[PDB]
Amino acid sequence: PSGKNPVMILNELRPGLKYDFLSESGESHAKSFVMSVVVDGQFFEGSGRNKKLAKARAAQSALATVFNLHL
RNA sequence: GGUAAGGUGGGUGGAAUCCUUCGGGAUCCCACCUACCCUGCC
């Protein structure tokens with residue numbers, strides 16, 4: 001699969017970044033997680049119900065800002 | 001007992017960029033399978 005997230009778009013348009021996962025909360029049926037990034041020296045964040053959703057949110061923010069575009 | 005929703009681990013497969021002595025190296029994503037955790041309905 002070529003991908004399903006804004007993560008791969010960013011990582012193909014302009015790679016050269018770092019990511020930092022952050023802790024979780026809630027019960028197993030309402031669980032949440034978060035994922036942050038450092039791109040071009042900027043910083044971004046994005047929580048979600050799972051690890052992929054977190055990175056998709058944070059990477060979409062990192063993309064739109066650093067790329068001066070939108071998803 | 002059956003039915004449905006979400007999360008995590010493990011295994012396998014698929015996919016992209018960068019570098020390369022073309023043997024390889026680095027970065028990175030997804031799906032499937034299996035097990036586990038947990039909630040809703042009847």
# chains A, B, ... in the order shown; residues from 1 in each chain; ligands from 1
>>> residues_around(residues="residue 33 in chain B", least_positions_apart="6", cutoff="10 Å", atoms="only C-alpha atoms (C1' of nucleotides)", output="MDAnalysis selection string")
chainID B and resid 11:13
>>> residues_around(residues="range 35-39 of chain B", least_positions_apart="2", cutoff="12 Å", atoms="only C-alpha atoms (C1' of nucleotides)", output="list in words")
residues 26, 27, 28, 29, 30 and 31 of chain A; 4, 5, 6, 7, 8, 9, 10, 11, 33 and 41 of chain B
>>> interface_residues(of="chain A", to="chain B", cutoff="9 Å", atoms="only C-alpha atoms (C1' of nucleotides)", output="ChimeraX atom specification")
/A:1-5,7-8,11-16,27-32,49-50
>>> write_last_selection(atoms="N, CA and C atoms", output="mmCIF file, in the first residue's frame")
data_model
loop_
_atom_site.group_PDB
_atom_site.id
_atom_site.type_symbol
_atom_site.label_atom_id
_atom_site.label_comp_id
_atom_site.auth_asym_id
_atom_site.auth_seq_id
_atom_site.Cartn_x
_atom_site.Cartn_y
_atom_site.Cartn_z
ATOM 1 N N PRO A 1 0.826 -1.226 0.000
ATOM 2 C CA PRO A 1 0.000 0.000 0.000
ATOM 3 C C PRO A 1 0.852 1.265 0.000
ATOM 4 N N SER A 2 0.520 2.223 -0.870
ATOM 5 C CA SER A 2 1.261 3.473 -0.998
ATOM 6 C C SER A 2 1.040 4.416 0.189
ATOM 7 N N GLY A 3 0.091 4.092 1.072
ATOM 8 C CA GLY A 3 -0.191 4.873 2.268
ATOM 9 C C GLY A 3 -1.649 5.323 2.314
ATOM 10 N N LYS A 4 -2.055 5.891 3.454
ATOM 11 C CA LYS A 4 -3.421 6.343 3.707
ATOM 12 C C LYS A 4 -3.447 7.615 4.555
ATOM 13 N N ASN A 5 -2.289 8.246 4.771
ATOM 14 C CA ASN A 5 -2.158 9.353 5.709
ATOM 15 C C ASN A 5 -1.368 10.524 5.112
ATOM 16 N N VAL A 7 1.130 11.682 6.553
ATOM 17 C CA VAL A 7 2.490 11.395 6.985
ATOM 18 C C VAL A 7 3.376 11.104 5.779
ATOM 19 N N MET A 8 2.930 10.198 4.903
ATOM 20 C CA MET A 8 3.714 9.798 3.746
ATOM 21 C C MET A 8 3.886 10.956 2.764
ATOM 22 N N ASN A 11 6.593 13.077 4.194
ATOM 23 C CA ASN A 11 7.820 12.295 4.149
ATOM 24 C C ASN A 11 8.316 12.050 2.719
ATOM 25 N N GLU A 12 7.510 12.381 1.704
ATOM 26 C CA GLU A 12 7.913 12.245 0.310
ATOM 27 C C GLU A 12 8.187 13.611 -0.311
ATOM 28 N N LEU A 13 7.452 14.643 0.113
ATOM 29 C CA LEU A 13 7.638 15.987 -0.409
ATOM 30 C C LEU A 13 8.926 16.591 0.138
ATOM 31 N N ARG A 14 9.099 16.541 1.463
ATOM 32 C CA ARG A 14 10.277 17.090 2.111
ATOM 33 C C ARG A 14 10.550 16.368 3.432
ATOM 34 N N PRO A 15 11.254 15.228 3.392
ATOM 35 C CA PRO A 15 11.693 14.521 4.585
ATOM 36 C C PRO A 15 12.813 15.310 5.264
ATOM 37 N N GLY A 16 13.304 14.821 6.407
ATOM 38 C CA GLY A 16 14.356 15.510 7.144
ATOM 39 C C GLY A 16 13.860 16.034 8.488
ATOM 40 N N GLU A 27 -9.807 4.880 29.290
ATOM 41 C CA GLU A 27 -9.951 3.434 29.376
ATOM 42 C C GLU A 27 -9.722 2.796 28.005
ATOM 43 N N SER A 28 -9.691 1.462 27.942
ATOM 44 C CA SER A 28 -9.415 0.740 26.705
ATOM 45 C C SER A 28 -10.493 0.933 25.637
ATOM 46 N N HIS A 29 -11.665 1.459 26.009
ATOM 47 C CA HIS A 29 -12.783 1.641 25.088
ATOM 48 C C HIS A 29 -12.976 3.112 24.713
ATOM 49 N N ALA A 30 -12.135 3.992 25.261
ATOM 50 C CA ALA A 30 -12.171 5.426 25.012
ATOM 51 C C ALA A 30 -10.744 5.971 24.938
ATOM 52 N N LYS A 31 -9.781 5.071 24.714
ATOM 53 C CA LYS A 31 -8.358 5.358 24.775
ATOM 54 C C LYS A 31 -7.956 6.489 23.834
ATOM 55 N N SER A 32 -6.884 7.192 24.198
ATOM 56 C CA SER A 32 -6.309 8.249 23.384
ATOM 57 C C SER A 32 -4.794 8.247 23.540
ATOM 58 N N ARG A 49 -7.185 8.631 18.744
ATOM 59 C CA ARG A 49 -7.624 7.389 19.374
ATOM 60 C C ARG A 49 -6.590 6.272 19.242
ATOM 61 N N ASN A 50 -5.640 6.408 18.314
ATOM 62 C CA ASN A 50 -4.579 5.433 18.119
ATOM 63 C C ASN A 50 -3.306 6.142 17.653
#
>>> select_by_dssp(residues="chain A", states="strand (DSSP E or B)", output="PyMOL selection string")
chain A and resi 18-25+32-39+42-48
>>> residues_around(residues="range 33-46 of chain A", least_positions_apart="3", cutoff="7 Å", atoms="only C-alpha atoms (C1' of nucleotides)", output="PDB file with N, CA, C and O atoms, in the first residue's frame")
ATOM      1  N   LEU A  17      12.958  15.294   9.136  1.00  0.00           N
ATOM      2  CA  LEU A  17      12.307  15.706  10.364  1.00  0.00           C
ATOM      3  C   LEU A  17      12.507  14.662  11.453  1.00  0.00           C
ATOM      4  O   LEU A  17      13.172  13.647  11.248  1.00  0.00           O
ATOM      5  N   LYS A  18      11.916  14.931  12.615  1.00  0.00           N
ATOM      6  CA  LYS A  18      11.914  14.008  13.734  1.00  0.00           C
ATOM      7  C   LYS A  18      10.516  14.007  14.340  1.00  0.00           C
ATOM      8  O   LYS A  18       9.776  14.971  14.166  1.00  0.00           O
ATOM      9  N   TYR A  19      10.151  12.938  15.047  1.00  0.00           N
ATOM     10  CA  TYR A  19       8.861  12.835  15.713  1.00  0.00           C
ATOM     11  C   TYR A  19       9.074  12.403  17.157  1.00  0.00           C
ATOM     12  O   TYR A  19      10.069  11.757  17.483  1.00  0.00           O
ATOM     13  N   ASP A  20       8.125  12.765  18.021  1.00  0.00           N
ATOM     14  CA  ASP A  20       8.155  12.369  19.417  1.00  0.00           C
ATOM     15  C   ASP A  20       6.758  11.982  19.886  1.00  0.00           C
ATOM     16  O   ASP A  20       5.881  12.832  20.000  1.00  0.00           O
ATOM     17  N   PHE A  21       6.549  10.692  20.156  1.00  0.00           N
ATOM     18  CA  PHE A  21       5.287  10.199  20.688  1.00  0.00           C
ATOM     19  C   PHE A  21       5.130  10.631  22.143  1.00  0.00           C
ATOM     20  O   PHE A  21       6.115  10.721  22.876  1.00  0.00           O
ATOM     21  N   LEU A  22       3.887  10.898  22.558  1.00  0.00           N
ATOM     22  CA  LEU A  22       3.559  11.296  23.918  1.00  0.00           C
ATOM     23  C   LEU A  22       2.454  10.392  24.474  1.00  0.00           C
ATOM     24  O   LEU A  22       1.701   9.762  23.727  1.00  0.00           O
ATOM     25  N   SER A  23       2.386  10.350  25.810  1.00  0.00           N
ATOM     26  CA  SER A  23       1.599   9.418  26.608  1.00  0.00           C
ATOM     27  C   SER A  23       0.113   9.351  26.259  1.00  0.00           C
ATOM     28  O   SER A  23      -0.399  10.119  25.446  1.00  0.00           O
ATOM     29  N   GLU A  24      -0.580   8.405  26.900  1.00  0.00           N
ATOM     30  CA  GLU A  24      -1.981   8.104  26.644  1.00  0.00           C
ATOM     31  C   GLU A  24      -2.860   8.360  27.869  1.00  0.00           C
ATOM     32  O   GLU A  24      -2.362   8.605  28.967  1.00  0.00           O
ATOM     33  N   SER A  25      -4.180   8.298  27.659  1.00  0.00           N
ATOM     34  CA  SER A  25      -5.182   8.495  28.697  1.00  0.00           C
ATOM     35  C   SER A  25      -6.447   7.701  28.371  1.00  0.00           C
ATOM     36  O   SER A  25      -6.569   7.134  27.286  1.00  0.00           O
ATOM     37  N   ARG A  49      -7.185   8.631  18.744  1.00  0.00           N
ATOM     38  CA  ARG A  49      -7.624   7.389  19.374  1.00  0.00           C
ATOM     39  C   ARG A  49      -6.590   6.272  19.242  1.00  0.00           C
ATOM     40  O   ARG A  49      -6.662   5.295  19.980  1.00  0.00           O
ATOM     41  N   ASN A  50      -5.640   6.408  18.314  1.00  0.00           N
ATOM     42  CA  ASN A  50      -4.579   5.433  18.119  1.00  0.00           C
ATOM     43  C   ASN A  50      -3.306   6.142  17.653  1.00  0.00           C
ATOM     44  O   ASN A  50      -3.334   7.334  17.341  1.00  0.00           O
ATOM     45  N   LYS A  51      -2.188   5.413  17.606  1.00  0.00           N
ATOM     46  CA  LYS A  51      -0.889   5.984  17.267  1.00  0.00           C
ATOM     47  C   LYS A  51      -0.841   6.544  15.845  1.00  0.00           C
ATOM     48  O   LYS A  51      -0.197   7.568  15.615  1.00  0.00           O
ATOM     49  N   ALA A  54      -2.796   9.921  15.712  1.00  0.00           N
ATOM     50  CA  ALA A  54      -1.998  10.972  16.322  1.00  0.00           C
ATOM     51  C   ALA A  54      -0.987  11.535  15.319  1.00  0.00           C
ATOM     52  O   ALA A  54      -0.951  12.743  15.094  1.00  0.00           O
ATOM     53  N   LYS A  55      -0.165  10.667  14.714  1.00  0.00           N
ATOM     54  CA  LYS A  55       0.835  11.111  13.749  1.00  0.00           C
ATOM     55  C   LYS A  55       0.178  11.754  12.534  1.00  0.00           C
ATOM     56  O   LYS A  55       0.744  12.678  11.962  1.00  0.00           O
ATOM     57  N   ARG A  57      -2.559  13.560  12.494  1.00  0.00           N
ATOM     58  CA  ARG A  57      -2.978  14.892  12.902  1.00  0.00           C
ATOM     59  C   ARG A  57      -1.776  15.830  12.997  1.00  0.00           C
ATOM     60  O   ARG A  57      -1.807  16.934  12.458  1.00  0.00           O
ATOM     61  N   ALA A  58      -0.718  15.393  13.682  1.00  0.00           N
ATOM     62  CA  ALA A  58       0.481  16.188  13.880  1.00  0.00           C
ATOM     63  C   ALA A  58       1.231  16.403  12.567  1.00  0.00           C
ATOM     64  O   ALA A  58       1.761  17.487  12.328  1.00  0.00           O
ATOM     65  N   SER A  61      -0.501  18.959  10.434  1.00  0.00           N
ATOM     66  CA  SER A  61      -0.159  20.296  10.899  1.00  0.00           C
ATOM     67  C   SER A  61       1.243  20.675  10.431  1.00  0.00           C
ATOM     68  O   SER A  61       1.456  21.785   9.946  1.00  0.00           O
ATOM     69  N   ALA A  62       2.200  19.753  10.574  1.00  0.00           N
ATOM     70  CA  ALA A  62       3.576  19.987  10.168  1.00  0.00           C
ATOM     71  C   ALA A  62       3.665  20.258   8.666  1.00  0.00           C
ATOM     72  O   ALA A  62       4.435  21.113   8.235  1.00  0.00           O
TER      73      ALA A  62
END
>>> residues_around(residues="residue 6 in chain A", least_positions_apart="3", cutoff="8 Å", atoms="only C-alpha atoms (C1' of nucleotides)", output="number ranges by chain")
A: 9-10, 56, 59-60, 63, 71
